[PDB]
Structures are given as C-alpha cells and as structure tokens.
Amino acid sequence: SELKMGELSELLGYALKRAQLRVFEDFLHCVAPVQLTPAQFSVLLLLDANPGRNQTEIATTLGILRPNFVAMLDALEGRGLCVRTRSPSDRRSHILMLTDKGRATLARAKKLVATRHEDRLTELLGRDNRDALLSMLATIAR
C-alpha cells in the first residue's frame, strides 16, 4: 500500500527539487510576519550589499531577466522598501537604493530567517555538514 521509490532515490536532481521546495515552503512560513518571498528577500539583501547599482545589474546577478524584474521592483517600491532614482550621469538607468523602512524590514526579516529558519536547518544537520552542503551546492552552480 506504499509505493517503491525505485531508482528515484539515487537521482540527485530529484533530491534537489524536493529539498528545494520544502526549504522554500518553510522560508515562506517563517518569514510571513514581514511578507517577503525568497526572491523579494534576496532583492533586499543584494540592494543592501551593493548600493548605487541599477536594475540591469541587480537583476542579472540574481538570475532575473530584466523584463521580469520590472514587476518585482514595482512591488517593493510600491511598498516603500526601495527607491528608483535616475542616475545624473546616465539618465537611461535607475540607481536602486533602500529606504529606511526597507532597511528595518530587511533587519527583522534577517532575524526570522536566522532564528526560525536557517538555525533550524543547522541543527537538523551538522553545523559543519550544513556548511559542506552549502559549499557543494555553490560548487554545483559552477
């Protein structure tokens, strides 16, 4: 009455998706007090590390295509978490910077991520094992 998972247990791609989907699902739950998807979260994180960059640069480093990034920024900018300002140098581009509200929302989101989510992962595995997992996934992506 339970099905045999056959050779699927040994396909690494398969393990990654179902591993990715629960981690993302858990991310949405833990972080729901600030209402940020993982994509929105990373956009705030990248904006925080690299102030002064433009849409093309932020979107590419994240793997987001620029036609799909426009709608994401409208959400965050509509919620008053970041600003598009025209660069005086080259008025084709929008330089992107965080608001104070954005910096606060990034701050508390960072806590719910570390305390409720990322730390709950680190204890279910080795603190060293989780770093090895993170290293390998980083290697796989290159």
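All residue numbers refer to positions in the sequence shown, first residue = 1.
107-115 or 71-79, whichever carries the higher mean Cα B-factor: Taking the mean C-alpha B-factor of 71-79 and of 107-115, the larger value falls to 107-115.
Entry-level comparison of average CA B-factors, 21-29 and 5-13, reporting the higher stretch: In the deposited entry, the stretch with the higher C-alpha B-factor mean is 5-13.
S87, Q55, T61, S42, ranked by C-alpha B-factor: the highest one: When the deposited C-alpha B-factors of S87, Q55, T61, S42 are compared, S87 is largest.
Chain-wide C-alpha B factor ranking for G102, given as lowest, middle or highest third: As the PDB entry reports it, the C-alpha B-factor of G102 lands in the middle third of its chain.
Third of chain Cα B-factors occupied by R92: It belongs to the middle third of the chain when residues are ordered by C-alpha B-factor.
Cα B factor band for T37 (lowest, middle or highest third within the chain): It belongs to the lowest third of the chain when residues are ordered by C-alpha B-factor.
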